[PDB]
Amino acid sequence: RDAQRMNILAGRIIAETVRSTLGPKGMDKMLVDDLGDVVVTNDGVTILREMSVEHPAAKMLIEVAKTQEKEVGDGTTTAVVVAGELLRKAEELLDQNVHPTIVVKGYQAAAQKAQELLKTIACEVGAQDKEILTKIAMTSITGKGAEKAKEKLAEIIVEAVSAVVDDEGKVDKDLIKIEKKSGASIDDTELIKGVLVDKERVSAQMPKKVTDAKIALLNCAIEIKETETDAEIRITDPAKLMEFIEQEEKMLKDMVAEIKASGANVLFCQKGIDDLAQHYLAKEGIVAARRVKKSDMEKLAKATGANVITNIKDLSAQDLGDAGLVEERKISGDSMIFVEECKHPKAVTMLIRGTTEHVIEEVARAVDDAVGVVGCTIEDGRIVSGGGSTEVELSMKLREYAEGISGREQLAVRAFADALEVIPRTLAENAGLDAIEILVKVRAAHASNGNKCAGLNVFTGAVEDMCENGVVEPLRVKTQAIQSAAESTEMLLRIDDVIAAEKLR
């Protein structure tokens, strides 16, 4: 009859299914299709990418989740859960024959007020505090499962982001490369200022350590060259077969000789190298190598100011780079070259070691997500208490602000505050504790002059300080969550007419 009555209860099917999969714990409810492609993965946004939709109302809430994921990378599921909880409470007031106009404005007023309340609560942090940067790092890796040396990994990751601090105060993830190389264990983890490579020197006669070496890049290969124009070899006299072998002796002499005249102590190459070319580099004594990714040939020139040289004949001194200290040694595994550059570090890297290929890949994913959490703090410089210790504080202040709004509509803004208690309730139910007798203790810590960092810890299972245990989350995730949640609910309250048309392009 009314239709709308049946669409409100439809939204209570997606939020509940993606409610337990939030936080450390969370059982997976896989609804595989008839094909049988089971993909057990405790994830939320992934469930929305492969699932048949029943009503068009459930499709609009997916757009706001994708735009927020690429910009943040985490916390998008915290909005759809709290969103659905708001519609369930609105039914208590809908029965009173309330008009949607006065209801939709009640949430916008409380949401707009929360934008100013979340600022004073956010604590300021500098780009050199070695006490807050270390806590936010260890909190993210704890959930990965690596009790071998998580304390050391938190001290090295903070030393890198704290050293590549540009003048404007931003941070680029491209300036931190990753290297997956097996070793003895994680204890051998160390961050080198530069770039490593397992390509050992082809000849042992080459120098083992050279200080202030001129880097030289060659985009072409060191083999038989060929003119850009069309050309084909033609043989008719069998006596000329020996001249071709002798002709290469001259081309591979004056060409390679120019490298030494330019003052190039180190050389690099991508493709293979001619067999006879190994003799020229033996008498001169210059470092060389082969097989190098094209992407690596760009960071070296960008990190030192060098320029690629496609023709050795057109080589110059300005195009040469400047290596800090090159040397080949071993560090619990296969020997590798260390092309360091501490005189002016423009792009560092990171090396991780493990016992097996399956172990390094696990921690390899944590270093990427860790930079995202700390990467946004250095840019904004504002953080808030974690563990859901932000909504319970605002809910008590909105009651005072709701008193100023006279008339028979103050109950609307008040009902929105009571619905924000779902965050501390989900984490409490997953821990196996009652969420009715514990909600009173969290209020004592925020009564009058209580601390502004109290929260419930899932591990210990009792109210503690988020700053002491190390629980903390960015501020941008909270602004976008309240901002998106404030606009997401509008998609349901504003609409008031079923669309039963035909032919819509």
# chains A, B, ... in the order shown; residues from 1 in each chain; ligands from 1
$ closest_atom_pairs --of "segment 379-449 of chain A" --to "segment 122-128 of chain A" --cutoff "10 Å" --atoms "only C-alpha atoms" --output "tab-separated table"
residue	atom	partner	partner_atom	distance
A:379	CA	A:127	CA	9.2
A:380	CA	A:125	CA	9.4
A:381	CA	A:125	CA	5.6
A:382	CA	A:124	CA	5.2
A:383	CA	A:122	CA	5.3
A:384	CA	A:122	CA	4.9
A:385	CA	A:122	CA	8.1
A:390	CA	A:122	CA	9.7
$ residues_around --residues "residue 312 of chain A" --least-positions-apart "2" --cutoff "8 Å" --atoms "only C-alpha atoms" --output "VMD selection string"
chain A and resid 218 255 258 to 259 309 to 310 314 to 315
$ write_last_selection --atoms "N, CA, C and O atoms" --output "mmCIF file, in the first residue's frame"
data_model
loop_
_atom_site.group_PDB
_atom_site.id
_atom_site.type_symbol
_atom_site.label_atom_id
_atom_site.label_comp_id
_atom_site.auth_asym_id
_atom_site.auth_seq_id
_atom_site.Cartn_x
_atom_site.Cartn_y
_atom_site.Cartn_z
ATOM 1 N N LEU A 218 72.369 4.154 -19.696
ATOM 2 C CA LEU A 218 72.286 3.855 -21.122
ATOM 3 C C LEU A 218 70.953 3.168 -21.386
ATOM 4 O O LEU A 218 70.722 2.051 -20.912
ATOM 5 N N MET A 255 84.002 3.121 -29.068
ATOM 6 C CA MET A 255 82.752 3.410 -28.373
ATOM 7 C C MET A 255 82.901 3.198 -26.872
ATOM 8 O O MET A 255 82.568 4.082 -26.073
ATOM 9 N N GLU A 258 85.208 5.684 -25.005
ATOM 10 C CA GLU A 258 84.679 6.994 -24.643
ATOM 11 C C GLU A 258 84.127 7.001 -23.223
ATOM 12 O O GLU A 258 84.089 8.057 -22.581
ATOM 13 N N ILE A 259 83.697 5.844 -22.719
ATOM 14 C CA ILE A 259 83.167 5.781 -21.360
ATOM 15 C C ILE A 259 84.260 6.093 -20.348
ATOM 16 O O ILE A 259 84.020 6.776 -19.344
ATOM 17 N N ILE A 309 71.407 8.370 -21.659
ATOM 18 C CA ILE A 309 72.217 8.579 -22.854
ATOM 19 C C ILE A 309 71.912 7.441 -23.818
ATOM 20 O O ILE A 309 72.301 6.292 -23.575
ATOM 21 N N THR A 310 71.216 7.758 -24.910
ATOM 22 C CA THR A 310 70.896 6.756 -25.917
ATOM 23 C C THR A 310 72.052 6.502 -26.876
ATOM 24 O O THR A 310 72.123 5.417 -27.465
ATOM 25 N N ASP A 314 77.433 10.837 -28.015
ATOM 26 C CA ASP A 314 76.982 12.132 -27.520
ATOM 27 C C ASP A 314 77.047 12.234 -26.001
ATOM 28 O O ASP A 314 76.221 12.931 -25.395
ATOM 29 N N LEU A 315 78.003 11.559 -25.370
ATOM 30 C CA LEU A 315 78.130 11.600 -23.923
ATOM 31 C C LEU A 315 78.796 12.897 -23.480
ATOM 32 O O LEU A 315 79.655 13.451 -24.172
#
$ select_by_dssp --residues "segment 168-302 of chain A" --states "helix (DSSP H, G or I)" --output "ChimeraX atom specification"
/A:173-175,186-188,238-262,277-284,296-302
$ residues_around --residues "residue 448 of chain A" --least-positions-apart "3" --cutoff "12 Å" --atoms "only C-alpha atoms" --output "ChimeraX atom specification"
/A:393,396-397,443-445,451-452
$ residues_around --residues "segment 206-211 of chain A" --least-positions-apart "4" --cutoff "9 Å" --atoms "only C-alpha atoms" --output "mmCIF file with N, CA and C atoms, in the first residue's frame"
data_model
loop_
_atom_site.group_PDB
_atom_site.id
_atom_site.type_symbol
_atom_site.label_atom_id
_atom_site.label_comp_id
_atom_site.auth_asym_id
_atom_site.auth_seq_id
_atom_site.Cartn_x
_atom_site.Cartn_y
_atom_site.Cartn_z
ATOM 1 N N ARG A 201 78.891 -8.084 -9.788
ATOM 2 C CA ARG A 201 79.809 -7.706 -10.854
ATOM 3 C C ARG A 201 80.132 -8.913 -11.725
ATOM 4 N N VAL A 202 80.090 -8.712 -13.044
ATOM 5 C CA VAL A 202 80.338 -9.814 -13.969
ATOM 6 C C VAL A 202 81.787 -10.274 -13.878
ATOM 7 N N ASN A 265 83.002 5.848 -13.527
ATOM 8 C CA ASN A 265 83.524 4.758 -12.713
ATOM 9 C C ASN A 265 82.531 3.615 -12.553
ATOM 10 N N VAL A 266 81.242 3.862 -12.792
ATOM 11 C CA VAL A 266 80.213 2.838 -12.689
ATOM 12 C C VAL A 266 79.325 2.916 -13.923
ATOM 13 N N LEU A 281 86.175 -3.861 -21.119
ATOM 14 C CA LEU A 281 85.958 -3.455 -19.736
ATOM 15 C C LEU A 281 86.914 -4.135 -18.765
ATOM 16 N N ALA A 282 87.646 -5.160 -19.206
ATOM 17 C CA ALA A 282 88.588 -5.835 -18.320
ATOM 18 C C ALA A 282 89.895 -5.060 -18.201
ATOM 19 N N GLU A 284 90.210 -1.740 -18.764
ATOM 20 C CA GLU A 284 89.956 -0.427 -18.181
ATOM 21 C C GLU A 284 89.621 -0.530 -16.697
ATOM 22 N N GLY A 285 88.769 -1.483 -16.324
ATOM 23 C CA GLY A 285 88.387 -1.654 -14.937
ATOM 24 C C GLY A 285 87.275 -0.717 -14.516
ATOM 25 N N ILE A 286 86.056 -0.990 -14.976
ATOM 26 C CA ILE A 286 84.889 -0.176 -14.661
ATOM 27 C C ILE A 286 83.758 -1.101 -14.236
ATOM 28 N N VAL A 287 83.007 -0.683 -13.217
ATOM 29 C CA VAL A 287 81.892 -1.483 -12.731
ATOM 30 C C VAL A 287 80.797 -1.524 -13.788
ATOM 31 N N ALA A 288 80.156 -2.682 -13.922
ATOM 32 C CA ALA A 288 79.099 -2.866 -14.905
ATOM 33 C C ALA A 288 78.121 -3.913 -14.390
ATOM 34 N N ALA A 323 77.377 9.088 -7.457
ATOM 35 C CA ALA A 323 77.139 8.082 -6.432
ATOM 36 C C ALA A 323 77.895 8.435 -5.158
ATOM 37 N N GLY A 324 77.265 8.169 -4.016
ATOM 38 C CA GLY A 324 77.874 8.457 -2.733
ATOM 39 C C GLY A 324 78.965 7.472 -2.367
ATOM 40 N N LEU A 325 78.607 6.195 -2.263
ATOM 41 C CA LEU A 325 79.571 5.155 -1.912
ATOM 42 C C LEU A 325 79.031 3.825 -2.410
ATOM 43 N N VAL A 326 79.721 3.221 -3.374
ATOM 44 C CA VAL A 326 79.327 1.944 -3.955
ATOM 45 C C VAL A 326 80.268 0.864 -3.443
ATOM 46 N N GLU A 327 79.702 -0.292 -3.107
ATOM 47 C CA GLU A 327 80.482 -1.419 -2.615
ATOM 48 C C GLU A 327 79.586 -2.647 -2.581
ATOM 49 N N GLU A 328 80.203 -3.815 -2.750
ATOM 50 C CA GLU A 328 79.493 -5.088 -2.790
ATOM 51 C C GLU A 328 79.921 -5.929 -1.596
ATOM 52 N N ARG A 329 78.947 -6.374 -0.809
ATOM 53 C CA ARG A 329 79.201 -7.239 0.337
ATOM 54 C C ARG A 329 77.976 -8.124 0.545
#
$ closest_residue --among "A:456, A:486, A:18, A:360" --to "residue 185 of chain A" --atoms "only C-alpha atoms"
A:360
$ residues_around --residues "residue 177 of chain A" --least-positions-apart "4" --cutoff "12 Å" --atoms "only C-alpha atoms" --output "PDB file with N, CA and C atoms, in the first residue's frame"
ATOM      1  N   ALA A 160      62.005   6.696   8.972  1.00  0.00           N
ATOM      2  CA  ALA A 160      61.993   6.981   7.542  1.00  0.00           C
ATOM      3  C   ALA A 160      61.036   8.119   7.212  1.00  0.00           C
ATOM      4  N   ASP A 172      55.331  11.640   0.160  1.00  0.00           N
ATOM      5  CA  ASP A 172      55.009  10.876  -1.036  1.00  0.00           C
ATOM      6  C   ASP A 172      55.389   9.419  -0.815  1.00  0.00           C
ATOM      7  N   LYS A 173      54.455   8.513  -1.115  1.00  0.00           N
ATOM      8  CA  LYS A 173      54.714   7.090  -0.929  1.00  0.00           C
ATOM      9  C   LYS A 173      55.675   6.534  -1.971  1.00  0.00           C
ATOM     10  N   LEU A 191      67.299  -0.588   7.233  1.00  0.00           N
ATOM     11  CA  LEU A 191      66.956   0.365   6.186  1.00  0.00           C
ATOM     12  C   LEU A 191      68.229   1.061   5.719  1.00  0.00           C
ATOM     13  N   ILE A 192      68.543   0.921   4.433  1.00  0.00           N
ATOM     14  CA  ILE A 192      69.726   1.529   3.834  1.00  0.00           C
ATOM     15  C   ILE A 192      69.300   2.763   3.056  1.00  0.00           C
ATOM     16  N   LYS A 193      70.102   3.823   3.149  1.00  0.00           N
ATOM     17  CA  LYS A 193      69.818   5.082   2.460  1.00  0.00           C
ATOM     18  C   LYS A 193      70.351   4.975   1.037  1.00  0.00           C
ATOM     19  N   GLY A 194      69.487   4.535   0.125  1.00  0.00           N
ATOM     20  CA  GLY A 194      69.868   4.388  -1.266  1.00  0.00           C
ATOM     21  C   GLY A 194      69.046   3.344  -1.992  1.00  0.00           C
ATOM     22  N   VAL A 195      69.715   2.471  -2.740  1.00  0.00           N
ATOM     23  CA  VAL A 195      69.047   1.409  -3.485  1.00  0.00           C
ATOM     24  C   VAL A 195      70.007   0.236  -3.611  1.00  0.00           C
ATOM     25  N   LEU A 196      69.473  -0.972  -3.461  1.00  0.00           N
ATOM     26  CA  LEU A 196      70.247  -2.201  -3.543  1.00  0.00           C
ATOM     27  C   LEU A 196      69.921  -2.941  -4.834  1.00  0.00           C
ATOM     28  N   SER A 295      61.803   0.769 -14.784  1.00  0.00           N
ATOM     29  CA  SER A 295      61.314   1.677 -13.752  1.00  0.00           C
ATOM     30  C   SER A 295      62.430   2.099 -12.804  1.00  0.00           C
ATOM     31  N   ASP A 296      63.427   1.237 -12.596  1.00  0.00           N
ATOM     32  CA  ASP A 296      64.532   1.578 -11.709  1.00  0.00           C
ATOM     33  C   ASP A 296      65.498   2.564 -12.353  1.00  0.00           C
ATOM     34  N   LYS A 299      64.326   6.352 -11.296  1.00  0.00           N
ATOM     35  CA  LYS A 299      64.526   6.869  -9.946  1.00  0.00           C
ATOM     36  C   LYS A 299      65.982   7.243  -9.698  1.00  0.00           C
ATOM     37  N   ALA A 347      65.143   9.880  -2.180  1.00  0.00           N
ATOM     38  CA  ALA A 347      64.176   8.786  -2.177  1.00  0.00           C
ATOM     39  C   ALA A 347      64.831   7.573  -1.539  1.00  0.00           C
ATOM     40  N   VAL A 348      64.381   7.211  -0.339  1.00  0.00           N
ATOM     41  CA  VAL A 348      64.938   6.072   0.385  1.00  0.00           C
ATOM     42  C   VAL A 348      64.220   4.802  -0.050  1.00  0.00           C
ATOM     43  N   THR A 349      64.539   3.687   0.597  1.00  0.00           N
ATOM     44  CA  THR A 349      63.925   2.402   0.286  1.00  0.00           C
ATOM     45  C   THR A 349      63.750   1.641   1.596  1.00  0.00           C
ATOM     46  N   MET A 350      63.523   0.333   1.495  1.00  0.00           N
ATOM     47  CA  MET A 350      63.343  -0.505   2.671  1.00  0.00           C
ATOM     48  C   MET A 350      63.584  -1.955   2.276  1.00  0.00           C
ATOM     49  N   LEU A 351      64.308  -2.679   3.128  1.00  0.00           N
ATOM     50  CA  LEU A 351      64.627  -4.083   2.906  1.00  0.00           C
ATOM     51  C   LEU A 351      64.081  -4.894   4.072  1.00  0.00           C
ATOM     52  N   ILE A 352      63.363  -5.970   3.759  1.00  0.00           N
ATOM     53  CA  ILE A 352      62.775  -6.853   4.758  1.00  0.00           C
ATOM     54  C   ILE A 352      63.289  -8.265   4.518  1.00  0.00           C
ATOM     55  N   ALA A 364      55.080  -7.809   4.090  1.00  0.00           N
ATOM     56  CA  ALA A 364      55.234  -6.885   2.972  1.00  0.00           C
ATOM     57  C   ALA A 364      53.991  -6.027   2.779  1.00  0.00           C
ATOM     58  N   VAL A 367      53.775  -2.859   5.655  1.00  0.00           N
ATOM     59  CA  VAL A 367      54.545  -1.632   5.470  1.00  0.00           C
ATOM     60  C   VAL A 367      53.800  -0.659   4.567  1.00  0.00           C
ATOM     61  N   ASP A 368      52.990  -1.170   3.638  1.00  0.00           N
ATOM     62  CA  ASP A 368      52.236  -0.289   2.751  1.00  0.00           C
ATOM     63  C   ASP A 368      51.072   0.361   3.488  1.00  0.00           C
ATOM     64  N   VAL A 371      52.218   3.114   6.090  1.00  0.00           N
ATOM     65  CA  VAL A 371      52.535   4.438   5.567  1.00  0.00           C
ATOM     66  C   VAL A 371      51.263   5.240   5.325  1.00  0.00           C
TER      67      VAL A 371
END
$ select_by_dssp --residues "segment 81-261 of chain A" --states "strand (DSSP E or B)" --output "JSON, numbers by chain"
{"A": [123, 124, 176, 179, 180, 190, 194, 195, 196, 197, 209, 210, 211, 212, 213, 217, 218, 222]}
$ write_last_selection --atoms "N, CA, C and O atoms" --output "short mmCIF file (atom, residue, chain, number, x, y, z; two decimals), in the first residue's frame"
data_model
loop_
_atom_site.label_atom_id
_atom_site.label_comp_id
_atom_site.auth_asym_id
_atom_site.auth_seq_id
_atom_site.Cartn_x
_atom_site.Cartn_y
_atom_site.Cartn_z
N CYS A 123 43.84 16.53 19.07
CA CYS A 123 45.07 17.02 19.67
C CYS A 123 46.10 17.30 18.58
O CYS A 123 46.19 16.57 17.59
N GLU A 124 46.88 18.36 18.78
CA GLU A 124 47.91 18.74 17.82
C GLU A 124 49.18 17.94 18.06
O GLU A 124 49.55 17.66 19.21
N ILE A 176 59.51 5.74 -1.13
CA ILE A 176 59.87 4.64 -0.25
C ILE A 176 59.59 3.33 -0.96
O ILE A 176 58.44 2.87 -1.02
N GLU A 179 61.72 -3.99 -0.84
CA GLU A 179 62.57 -5.05 -1.39
C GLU A 179 62.28 -6.34 -0.64
O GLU A 179 62.48 -6.41 0.58
N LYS A 180 61.82 -7.35 -1.36
CA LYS A 180 61.49 -8.65 -0.79
C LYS A 180 62.64 -9.61 -1.06
O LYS A 180 62.79 -10.12 -2.18
N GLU A 190 67.04 -4.01 8.12
CA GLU A 190 67.76 -2.75 8.22
C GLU A 190 67.41 -1.90 7.01
O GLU A 190 67.24 -2.42 5.91
N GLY A 194 69.49 4.53 0.12
CA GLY A 194 69.87 4.39 -1.27
C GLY A 194 69.05 3.34 -1.99
O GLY A 194 67.82 3.32 -1.88
N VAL A 195 69.71 2.47 -2.74
CA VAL A 195 69.05 1.41 -3.48
C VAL A 195 70.01 0.24 -3.61
O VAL A 195 71.21 0.42 -3.84
N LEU A 196 69.47 -0.97 -3.46
CA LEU A 196 70.25 -2.20 -3.54
C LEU A 196 69.92 -2.94 -4.83
O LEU A 196 68.95 -2.63 -5.53
N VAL A 197 70.75 -3.93 -5.14
CA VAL A 197 70.57 -4.75 -6.34
C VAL A 197 71.39 -6.02 -6.17
O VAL A 197 72.55 -5.97 -5.74
N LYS A 209 85.32 -1.15 -4.20
CA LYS A 209 84.79 0.01 -3.48
C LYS A 209 85.33 1.27 -4.14
O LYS A 209 86.55 1.44 -4.23
N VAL A 210 84.43 2.14 -4.59
CA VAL A 210 84.79 3.39 -5.25
C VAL A 210 84.01 4.51 -4.59
O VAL A 210 82.78 4.43 -4.46
N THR A 211 84.71 5.57 -4.18
CA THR A 211 84.10 6.72 -3.55
C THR A 211 83.89 7.82 -4.59
O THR A 211 84.80 8.13 -5.36
N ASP A 212 82.70 8.41 -4.59
CA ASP A 212 82.34 9.47 -5.53
C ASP A 212 82.47 8.99 -6.97
O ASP A 212 83.31 9.45 -7.75
N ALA A 213 81.61 8.04 -7.32
CA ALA A 213 81.59 7.46 -8.66
C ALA A 213 80.56 8.17 -9.52
O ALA A 213 79.45 8.47 -9.07
N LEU A 217 73.83 6.32 -17.29
CA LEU A 217 72.71 5.50 -17.71
C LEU A 217 72.70 5.36 -19.23
O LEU A 217 72.99 6.31 -19.95
N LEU A 218 72.37 4.15 -19.70
CA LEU A 218 72.29 3.85 -21.12
C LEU A 218 70.95 3.17 -21.39
O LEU A 218 70.72 2.05 -20.91
N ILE A 222 74.26 -2.87 -25.04
CA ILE A 222 75.67 -2.88 -25.43
C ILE A 222 75.92 -4.09 -26.32
O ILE A 222 76.59 -5.05 -25.92
#
$ closest_residue --among "A:118, A:378, A:337, A:412" --to "residue 165 of chain A" --atoms "only C-alpha atoms"
A:378
